[PDB]
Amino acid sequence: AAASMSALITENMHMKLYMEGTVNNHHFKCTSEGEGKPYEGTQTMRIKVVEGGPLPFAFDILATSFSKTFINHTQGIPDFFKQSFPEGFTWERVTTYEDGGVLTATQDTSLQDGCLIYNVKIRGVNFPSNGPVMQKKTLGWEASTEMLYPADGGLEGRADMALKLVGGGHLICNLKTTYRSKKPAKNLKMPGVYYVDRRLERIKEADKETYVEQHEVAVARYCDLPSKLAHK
């Protein structure tokens, strides 16, 4: 398995992305391209809003929809995402904001001629017309920890994220995600419960957020604290 993974997921990898969707009633399309180091868990994406720009909502709500192959899996945690190749995997997610916005996203991840290919679809509804997202009072995301746990041959994830607001303070949201491998389960080594620490940062933006550069670093670990019961 390691042999396959090292053949397909190189130390350096490029990605190409297409995104289409609606937020409230506003349609849009985005494309991006980027590169990263899958085993070190770092990556950059350069993103263009190619239709429906400038967006009437804060770009921040799209941030998590632009890359699971780029997680540094430490401590021998089996890598569900890198193992999934060459077949690939999908994810599906609902992000629920505490002021009512709901953003669903589904995504397909494939490997084509040594390049990672993302196809993303977005449908967000009920964002308050006079709230911080629609009025663009946001300033990016705090760091987060996602808990991943095996469920039915795939993985699920849970995270709470804090969106920084102008004037200080935060708007909180919750992420519920299902990660599904296209590789047959017999061929997968499933991890137990683990945690992915992340810091996703906006590096550059231009033209009323119709061009955005994002960088992410992601490191997977167990809980490092000692266990009285001998658990990981």
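Residue indices: 1-based, along the sequence shown.
> None, 1 to 3, 4 to 9, or 10 or more: how many residues of the deposited sequence lack coordinates between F66 and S67?
Missing residues, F66 to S67: 1 to 3.
> Averaging only over Cα atoms, indicate whether 190-198 or 203-211 has the higher B-factor in the PDB entry.
Mean B over CA atoms: larger for 203-211.
> Averaging only over Cα atoms, indicate whether 125-133 or 139-147 has the higher B-factor in the PDB entry.
Stretch with the greater average CA B-factor: 125-133.
> From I61, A185, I172, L165, can you pick the one with the highest C-alpha B factor in the entry?
Of the candidates given, the C-alpha B-factor peaks at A185.
> Going by the recorded CA B-factors, say which third of the chain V219 sits in, lowest, middle or highest.
CA B-factor rank for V219: lowest third.
> With respect to C-alpha B-factor, does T95 fall in the lowest, middle or highest third of the chain as deposited?
CA B-factor rank for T95: lowest third.
> Please place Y179 in the lowest, middle or highest third of its chain by C-alpha B factor as given in the entry.
Its C-alpha B-factor, which the entry lists for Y179, ranks in the middle third among residues of this chain.
> Sorting by Cα B-factor within the chain, modelled residues only, which third would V120 end up in: lowest, middle or highest?
For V120, whose C-alpha B-factor we compare with every modelled residue in the chain, the answer is the middle third.
> For the chain shown, is the CA B-factor of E156 in the lowest, middle or highest third of its modelled residues?
It belongs to the lowest third of the chain when residues are ordered by C-alpha B-factor.
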